[PDB]
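Asks: build me a structure from this.
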Amino acid sequence: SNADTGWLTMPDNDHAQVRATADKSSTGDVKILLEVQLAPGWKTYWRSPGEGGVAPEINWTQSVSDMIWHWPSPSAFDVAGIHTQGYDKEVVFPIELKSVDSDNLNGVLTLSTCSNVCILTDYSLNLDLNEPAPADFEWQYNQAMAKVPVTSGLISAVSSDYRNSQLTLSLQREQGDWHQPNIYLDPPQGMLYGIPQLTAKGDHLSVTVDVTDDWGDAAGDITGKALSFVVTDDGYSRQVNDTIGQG
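Replies: Residues are numbered from 1 along each chain as shown. This is the structure:
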């Protein structure tokens, strides 16, 4: 009746349920909402999960082109002596696909969940795009998008420096003072970032991050590599894309 998988469970995973819903426009562009509900104590991961984790992903059977996976603003956890970036309780991923030539969309979600172990579970998502999206799909999609970091606001300047296997950032708040900031970083390939240390005074936020290679030893030079992170404060979430060493 609708483009809606219903709530899916797998026999060997008693701590997650997932649901996908979708709408295909006349132009052939598909919007998908992937809802994930987690039992207490279980989390899933952000696109940069931290050491030991795996980002959730979907592999579609159909050829699709410009897939965009929008990542809701993440949280950080230090459970079981492990630093990770991800989501607890529940998360909804808005996804967009172009050039779906079929009225059917079939995919396999490899969902990563973590308590003190990272479990990988496959969910088969079967969507009939000839059926109407659920009645409140557009509202659900906008509610989900509202939680995704934006690429403007909150900060007015960024500089960074790297030396002695330590990344330092200086972030200027656009308006007002910092209150309770958080930062979530995407490490370059092969690199691990430690727990960010944040110090703020007035509109100035300083961040220091210890860096290592994939084996825990002092990292090589990452100057010139991508500096990508989300910074949050006062319920606002900003995605920054810059370069390590710029400024």
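Asks: going by C-alpha atoms from here, please, whenever you check contacts or count neighbours.
Replies: Fine.
Asks: where exactly do the helices run in this structure?
Replies: 137-145 (DSSP state H).
Asks: domain parsing for it?
Replies: Following curated CATH domains, the chain resolves into domains at 1-149, 150-247.
Asks: from the chain's centre, how far out does the last one sit?
Replies: Taking C-alpha atoms, centre = their mean, to the nearest Å, one finds domain 150-247 lying 16 Å from the centre of the chain it belongs to.
Asks: and it, how far apart are its ends?
Replies: Start-to-end span of domain 150-247 (C-alpha to C-alpha, to the nearest Å) is 22 Å.
Asks: ok, back up a step: in CSV, list the domains of the chain along with mean neighbour count.
Replies: Conversion of the domains of the chain to CSV gives the following (neighbours: other C-alpha atoms under 10 Å):
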stretch, mean neighbour count
domain 1-149, 17
domain 150-247, 17
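Asks: residue 148 and residue 237 touch, don't they?
Replies: Yes: applying C-alpha atoms under 8 Å, one finds residue 148 in contact with residue 237, separated by 7.4 Å.
Asks: what do the two both touch?
Replies: residue 73 (C-alpha atoms under 8 Å, 6 or more residues apart in numbering).
Asks: CA atoms of stretch 224-237 as CSV?
Replies: Output of stretch 224-237 as CSV, limited to C-alpha atoms (Å, rounded to 0.1, in the frame of the first residue of the first chain):
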residue,chain,number,x,y,z
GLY,A,224,47.6,19.7,3.7
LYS,A,225,45.1,16.8,4.4
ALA,A,226,41.4,17.4,4.7
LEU,A,227,40.1,19.1,7.9
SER,A,228,36.5,18.0,8.2
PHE,A,229,34.5,18.2,11.4
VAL,A,230,31.2,19.1,12.9
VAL,A,231,31.0,21.7,15.7
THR,A,232,27.9,22.2,17.7
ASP,A,233,26.7,24.7,20.3
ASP,A,234,23.3,26.0,21.5
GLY,A,235,21.4,23.4,19.4
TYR,A,236,23.2,24.5,16.1
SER,A,237,25.4,22.1,14.1
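Asks: let me see the contact set for residue 89.
Replies: 37, 38, 39, 40, 42, 43.
Asks: what of residue 137?
Replies: The neighbours of residue 137, taking C-alpha under 8 Å, 6+ apart as the test, are 21, 22, 23.
Asks: out of these, who's nearest residue 30?
Replies: The nearest member of these to residue 30, counting by C-alpha to C-alpha, is residue 23 at 5.6 Å.
Asks: give me the beta-bridge partners of that closest one?
Replies: With DSSP bridges as the criterion, residue 23 is bridged to residue 31.
Asks: that one contacts residue 135, correct?
Replies: No: at 10.7 Å, residue 23 does not count as touching residue 135 under the criterion of C-alpha under 8 Å.
Asks: joint contacts of the two?
Replies: Common neighbours of residue 23 and residue 135 (C-alpha under 8 Å, 6+ apart) do not exist.
Asks: against residue 21, how distant is residue 104?
Replies: 12 Å.
Asks: need the overlap of contacts for those two.
Replies: Shared contacts of residue 104 and residue 21, counting by C-alpha under 8 Å, 6+ apart, come down to residue 127.
Asks: what sits against residue 111?
Replies: Here residue 111 is in contact with 44, 55, 56, 57, 120, 121, 122, 123 (C-alpha under 8 Å, 6+ apart).
Asks: tell me the one among the contacts of residue 137 nearest to residue 77.
Replies: residue 21 (29.0 Å).
Asks: next up, the contacts around the closest one.
Replies: Shown in contact with residue 21 (C-alpha under 8 Å, 6+ apart): 3, 4, 5, 32, 33, 34, 127, 133, 134, 137.
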